[PDB]
Amino acid sequence: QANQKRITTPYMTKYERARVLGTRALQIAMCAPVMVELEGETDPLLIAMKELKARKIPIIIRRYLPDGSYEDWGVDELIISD
Amino acid sequence: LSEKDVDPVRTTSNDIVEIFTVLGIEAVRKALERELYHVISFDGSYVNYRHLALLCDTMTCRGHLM
Amino acid sequence: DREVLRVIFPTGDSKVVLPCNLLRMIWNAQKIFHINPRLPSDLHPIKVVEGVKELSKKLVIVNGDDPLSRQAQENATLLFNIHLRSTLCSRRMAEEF
Amino acid sequence: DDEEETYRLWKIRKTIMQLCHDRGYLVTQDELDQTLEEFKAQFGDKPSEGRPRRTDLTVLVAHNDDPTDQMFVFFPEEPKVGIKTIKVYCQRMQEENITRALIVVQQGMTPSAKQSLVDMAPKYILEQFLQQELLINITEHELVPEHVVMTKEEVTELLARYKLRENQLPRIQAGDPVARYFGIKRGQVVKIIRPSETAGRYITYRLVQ
Amino acid sequence: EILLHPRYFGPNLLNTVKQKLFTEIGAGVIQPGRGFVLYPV
Amino acid sequence: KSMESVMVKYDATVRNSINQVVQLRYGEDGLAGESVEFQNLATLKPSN
């Protein structure tokens, strides 16, 4: 579905936060380019949380509706609360 | 409920199959929540309504006592 | 709203479970803004009326402008909106808070 | 005594008036509020050896939206009804041109009569109520919420809003005591409106199956 | 369906999915439990 | 064994694995159980 007619809530769920951080941490561990200046940080999971709070994570969340439709939300488009 | 000077609005049973046969699936949905509430709250304990409600909805969404 | 509540709670048990503890948030505000309750307030009572109306439009549980959506939107938030109006009313913001 | 039958006949009738009104048939307030004393003043003191005999207090009512949509209510003389009675009432429904009737069966029906209502079903809709099912209006009970029959336009708007399919709605069986009271049939939907202690109000939809 | 290693997820990502395909563009689904992204082409 | 699939969807309906509707909003209400608190209505009890 397009960027308009998004009916799902603009907040990131806790389940999305968990998997986005988990997935981005493994990417950073697999030498994926890091989207922020790491000030001597080395734990990939703390870098992922750093990238999340910067809204720098290059991930899109495909949310499936119970009709089988889906919405694509960029991680930076969601309201991030932790 | 049919007898004279009995109150037909409030008079109620703890037998839920009588309620299904006399009053149907929505009265069961309420009476079941009352029965589950009574066993929990009798010893003073408290459970959030949304758990009581969700169980009673699951046991009745089919249209009969599951 | 008072007659609506007297349908919803025929026993008159006023104890209710709701998301936002309004009295504590008021007390937090009184402390955060150093409010002297013996002086008269600069809070215009119309801003109390306008603000609660404009707040209530943002407590959205059911999206969309369709009338069945709006009927669901109103029903989902009915009890909290009655409580919100019973507390953030213009008089209590002048006599109590 | 002879008065218990008069009290029964009145109380059954009062329930039928409320049922007809709840279905949307044109019922006058004077018949909805009719007291035992006014019922007795119209129909007499005792039905055994007297005026309010069975059939006599037969009712006929017309719909609010259309004057030609009309429904009978019958109080058979047969305590257990046979085809002998139903086929006569069908003839009367042909003559007076009435598509629906309610039969206030006292004790039961023969299996052939019970079958005959289905064998006539798409032509003449006959519905059976036992006498004891009408001594109380179960919709006045505090456990039974408000039930509202939706129209096909509303059901179409409902399913378009939530993108549902009818089978994804929760369901109510056509033999449910309230689905019979509203005379509802398969594939219709009821809007149910109930007080919610968390939200204040909640609306539920049952598909009839 | 190309699999791409996370080391390539820099600016040259789309160029690499071509350059790799020309040695061996859809939505790249991230595989759960792995860094590799799967692109249908 | 019955309820294990009953879940809040991105539609904010509560549905089973079959996508049958159990509730149109969670708890009739749409709110998580962890956030709510006991409160008093104030308007309910006072005399006229």
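First chain written, first letter: the chains are A, B, C, D, E and F, and each begins at residue 1.
The rule is short, and it goes like this: a residue touches a chain if its C-beta (ideal position, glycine included) is under 8 Å from a C-beta of that chain, and two chains touch if they have at least 3 such contacts.
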Selected interface, A-F versus C-F, where C-beta contact pairs are more numerous: C-F
Most widely separated chain from subunit F, with each centre as the mean of CA atoms: E
Distance-to-centre winner among chains (Cα means, whole assembly as reference): F
Subunit B and subunit E, separation of their C-alpha mean positions in angstrom: 57
Between subunit A and subunit C, centroid-to-centroid distance (C-alpha), Å: 35
Euclidean distance of C-alpha centroids - subunit C vs subunit E, Å: 52
Sequence positions of subunit D contacting 2 or more other chains: 170, 196-199, 202-204
Subunit E, residues touching no fewer than two other chains: none
Residues of subunit A touching at least two other chains: 7, 65-66
Subunit D partner contacts - residues on subunit C that touch it in the complex: 4, 7-9, 16-17, 64, 66, 68-69, 71-72, 75-79, 82
Contact set on subunit D toward subunit C in their complex: 157-158, 161, 195-203
Contacting residues of subunit F [partner subunit C, same complex]: 12, 24-25, 28-31, 35-45
Touching residues (chain side subunit B, partner subunit D) in the complex: 1-2, 4, 8-10, 12, 19, 21-27, 30-31, 49-50, 53, 57, 60-64
Parts of subunit D lying in touch with subunit B, wherever the complex brings them together: 7, 132, 135-138, 140-145, 147, 170-173, 176-179, 192, 194, 197-198, 204, 206, 209
